[PDB]
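Enquirer: Input: one structure, supplied below.
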Amino acid sequence: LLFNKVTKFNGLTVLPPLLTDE
Amino acid sequence: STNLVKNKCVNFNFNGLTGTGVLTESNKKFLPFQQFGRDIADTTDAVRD
């Protein structure tokens, strides 16, 4: 529910975290 | 002019409307007078031939 309560290609890059969400 | 391809990212220049991306299937209902649409990210999201 913490994930659910918290709620893209314009040159920026949201690099995936080194530590995976899992 | 020439045709278009899906799932292969290319550049599109529709009468001055330029951009780059994949041209995939549209699956939303649109008004008949539309020329092109946008998504939440302020990007050209839909194109009509």
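Identifiers in this document derive from the order of the structure tokens: chains are assigned A, B, ..., residues are numbered from 1 separately in each chain, and ligands are numbered from 1 in order of occurrence.
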Mind dumping a table of every chain B residue within 12 Å of chain A, with the nearest atom pair and its distance in Å to one decimal, using only C-alpha atoms, sorted by chain and rising number, as a tab-separated table?
Expert:
residue	atom	partner	partner_atom	distance
B:19	CA	A:10	CA	10.9
B:20	CA	A:9	CA	10.4
B:21	CA	A:9	CA	9.9
B:39	CA	A:8	CA	10.5
B:40	CA	A:8	CA	9.5
B:41	CA	A:8	CA	6.4
B:42	CA	A:10	CA	9.2
B:43	CA	A:10	CA	8.1
B:44	CA	A:10	CA	11.1
B:45	CA	A:9	CA	11.5
Enquirer: Can you list, as a PyMOL selection string, every protein, DNA or RNA residue that comes within 12 Å of residue 28 (chain B) when you count only C-alpha atoms, leaving out same-chain residues fewer than 2 positions away?
Expert: chain B and resi 25-26+30-31+37+39+45-46
Enquirer: For those residues, write C-alpha atoms to a file as a compact mmCIF listing (two decimals), in the first residue's frame.
Expert:
# COMPACT_ATOMS: atom_id res chain seq x y z
CA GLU B 25 -1.10 0.90 -32.65
CA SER B 26 -3.57 3.53 -31.44
CA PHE B 30 -10.95 10.22 -30.72
CA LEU B 31 -13.14 13.04 -31.98
CA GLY B 37 -3.18 14.32 -29.82
CA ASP B 39 -0.39 12.70 -23.55
CA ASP B 45 1.24 11.11 -28.48
CA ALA B 46 -0.99 10.38 -31.49
Enquirer: Of the candidates B:8, B:18, B:48, B:13, which shows the shortest atom-to-atom distance to residue 32 (chain B), using only C-alpha atoms?
Expert: B:48
Enquirer: Would you list, as a list in words, the residues of chain A that end up in alpha helix (DSSP H) under DSSP run on this structure's backbone?
Expert: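 Matching residues, listed in order: residues 2, 3, 4 and 5 of chain A.
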Enquirer: Output N, CA, C and O atoms for every residue in the selection just made, as an mmCIF file, in the first residue's frame.
Expert:
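Listed below is the output, out10.cif:
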data_model
loop_
_atom_site.group_PDB
_atom_site.id
_atom_site.type_symbol
_atom_site.label_atom_id
_atom_site.label_comp_id
_atom_site.auth_asym_id
_atom_site.auth_seq_id
_atom_site.Cartn_x
_atom_site.Cartn_y
_atom_site.Cartn_z
ATOM 1 N N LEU A 2 2.073 1.181 0.551
ATOM 2 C CA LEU A 2 2.991 2.310 0.437
ATOM 3 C C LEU A 2 3.339 2.578 -1.020
ATOM 4 O O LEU A 2 3.377 3.733 -1.460
ATOM 5 N N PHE A 3 3.601 1.515 -1.781
ATOM 6 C CA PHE A 3 3.861 1.668 -3.208
ATOM 7 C C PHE A 3 2.644 2.232 -3.926
ATOM 8 O O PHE A 3 2.772 3.114 -4.783
ATOM 9 N N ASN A 4 1.453 1.739 -3.582
ATOM 10 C CA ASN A 4 0.247 2.165 -4.291
ATOM 11 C C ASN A 4 -0.142 3.601 -3.958
ATOM 12 O O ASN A 4 -0.705 4.297 -4.810
ATOM 13 N N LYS A 5 0.132 4.060 -2.735
ATOM 14 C CA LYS A 5 -0.216 5.424 -2.355
ATOM 15 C C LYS A 5 0.682 6.461 -3.012
ATOM 16 O O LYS A 5 0.326 7.645 -3.036
#
Enquirer: To one decimal place in Å, what is the distance between CA of residue 29 (chain B) and CA of residue 7 (chain B)?
Expert: 21.5 Å
Enquirer: Give me every strand (DSSP E) residue in chain B, going by DSSP on the backbone, as a PyMOL selection string.
Expert: chain B and resi 10-14+17-21+36-38+44-47
Enquirer: Report the distance between CA of residue 1 (chain B) and CA of residue 17 (chain B) in Å, rounded to one decimal place.
Expert: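 Those two atoms sit 14.6 Å apart.
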